[PDB]
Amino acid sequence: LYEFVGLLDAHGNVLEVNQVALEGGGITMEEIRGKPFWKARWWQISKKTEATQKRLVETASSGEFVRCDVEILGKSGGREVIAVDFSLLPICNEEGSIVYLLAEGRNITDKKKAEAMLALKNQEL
């Protein structure tokens, strides 16, 4: 189940975003509505992270189901980085034309947590 969710048009302009994602980034609808999703502050760690989001939007708009782990300015009202399992789902109309994209973010398990999980299981056996 997602944590962050957003609705984009086919070109990646922002239409709707849930409050959890806005509060996490310290971002308002007024700042991002109708402007490309990749320009919003969550994606602004670097020119590289913004370029990755732009490519994830463009490829989704071409009908790919894309997903990858990303770091975003998405905790403590945008002051801190979190890692997110990000996806875009193309949404087609009744003719098969992509008209929207559904952006979803889920939490990622800390590396040290996963290591602790396996250490504990090996130890419990």
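Start at 1 with the first residue shown and count on from there.
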Of 36-44 and 84-92, the stretch with the higher mean C-alpha B-factor in the deposited entry is 84-92
Stretch with higher mean Cα temperature factor, 48-56 vs 23-31, is 23-31
The third of the chain into which the C-alpha temperature factor of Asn107 falls is the highest
Among the modelled residues of its chain, the C-alpha B-factor of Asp9 falls in the third labelled lowest
